[PDB]
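Numbers restart at 1 for each chain; the letters A, B, ... are given by sequence-line order, proteins then strands. These numbers come from the heavy atoms of this one structure, side chains and all, not from hydrogens, waters or symmetry mates.
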Amino acid sequence: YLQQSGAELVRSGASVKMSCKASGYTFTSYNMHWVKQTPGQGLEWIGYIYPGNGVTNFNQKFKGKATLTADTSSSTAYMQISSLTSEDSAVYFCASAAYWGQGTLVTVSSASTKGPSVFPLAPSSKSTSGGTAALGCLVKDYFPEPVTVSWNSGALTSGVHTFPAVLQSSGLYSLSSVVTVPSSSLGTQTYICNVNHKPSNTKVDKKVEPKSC
Amino acid sequence: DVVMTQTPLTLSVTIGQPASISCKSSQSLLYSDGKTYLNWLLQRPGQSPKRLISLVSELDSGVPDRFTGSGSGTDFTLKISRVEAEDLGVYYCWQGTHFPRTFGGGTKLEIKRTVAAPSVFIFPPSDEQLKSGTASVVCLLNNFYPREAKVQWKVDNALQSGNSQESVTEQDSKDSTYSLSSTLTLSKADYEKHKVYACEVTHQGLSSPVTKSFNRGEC
Amino acid sequence: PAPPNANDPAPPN
């Protein structure tokens with residue numbers, strides 16, 4: 001198991017530092033790799049550090065830009081990338097032995113962060129189909145990606161569809177997260193969408209209430 | 001650098017079909033300790049990669065025995081004896097023998113299934129959003145196959161263009177369907193000029209187009 | 001518990 005640090009917004013020319021905490025295997029017995037995922041979903045190897053002795057090896061493309069370190073007392077690996085440009089916006093993974101981290105999204109931009117507005121998609125007779133009802137939350141006008149959305153503090157996962165964000169003509173992002181549930185249930189169950197946007201330190205919980213129509 | 005050539009680019013398979021993916025390296029992957037460091041990964045839609053196979057043929061803990069890896073030297077194959085719905089995603093090979101480490105370009109495995117019509121739902125704008133000066137109307141198409149679908153907005157029966165955005169999910173790992181949202185956005189002033197808001201959906205699973213609609217202010 | 005195989009060889013000291 002590899003747990004990476006959260007998404008980052010960083011200015012052009014600045015640096016970023018991200019971490020990867022390891023558990024459940026011998027950290028010092030395997031190379032710790034860092035890998036960039038390109039927009040077209042190719043994977044590109046950056047380098048590794050072998051935590052048993054600190055030796056690093058790099059892709060020539062990232063030499064002089066990437067620094068890799070490993071703290072054996074806390075089983076944590078770090079990658080720093082300096083002099084960032086637009087081509088460095090990507091998801092970055094760590095990988096070691098049989099495991100991959102969940103990825104860290106890095107957006108290189110000089111624009112200010114903006115937290116989302118959250119609005120309910122309320123269920124009604126117009127969002128019923130064959131005995132089920134749909135409801136959701138519209139998460140609008142944030143920058144940069146990502147927002148994470150959970151329902152009922154992560155207790156509600158079945159039938160949830162959190163759509164890929166769209167880019168609005170303003171340059172801000174928007175997404176919706178929806179769930180289908182029994183329509184018989186809307187008077188007794190509570191559906192709360194939990195929206196987190198780390199770059200703006202925004203946390204919103206919104207209870208979605210039915211419309212009477 | 002050692003180039004990893006993966007084929008095919010896409011696999012479109014039915015449940016139960018065998019599948020195979022080829023990875024050819026531009027140089028031998030035999031290392032001087034006698035091992036061949038060829039790994040296979042699966043990245044399901046929305047997730048990080050997971051390793052399935054290392055040292056050409058050795059399955060990782062928890063990987064179903066439907067998967068087998070074979071090969072030597074420069075030619076390697078991943079085979080699935082019978083595809084299951086959860087096998088969808090992008091498979092990658094990657095070699096650990098040479099510097100830099102390198103990955104194949106990926107093979108996307110998509111599931112072909114029976115046609116399934118969308119369930120269609122519509123959401124009027126919230127009062128919270130209207131108070132802020134904007135009205136977003138959402139049309140949702142849930143759990144359909146194939147992915148092609150036509151969604152048209154009509155406002156007082158006038159066909160709309162230029163004011164909506166769509167987003168589609170990845171294929172579902174359990175039922176192999178897609179879902180889609182279409183969001184019509186207007187200023188409050190424009191929203192308030194019209195009465196009937198409708199989304200009309202055409203899809204191969206529907207015997208005729210489905211319309212969901214509401215009158216402004218009835219909800 | 002049989003440790004996972006390496007992805008690639010470790011470097012010498």
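- In terms of modelled atom types and a separation under 3.5 Å, the side chain of A/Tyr30 and the main chain of C/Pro4 share a donor-acceptor contact.
- Only the backbone of A/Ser96 comes within less than 4.5 Å of a heavy atom in chain C; its side chain stays farther off.
- Contact record, C/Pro9 with A/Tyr48: O-OH, 4.3 Å, taken as the closest heavy-atom pair.
- Rounded to the nearest 0.5 angstrom, A/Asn31 CG and C/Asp8 CG are separated by 4.5 Å.
- Between the side chain of C/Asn13 and the main chain of A/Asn53, no donor-acceptor pair closer than 3.5 Å is present.
- Neither the backbone nor the side chain of C/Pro1 comes within less than 4.5 Å of any heavy atom in chain A.
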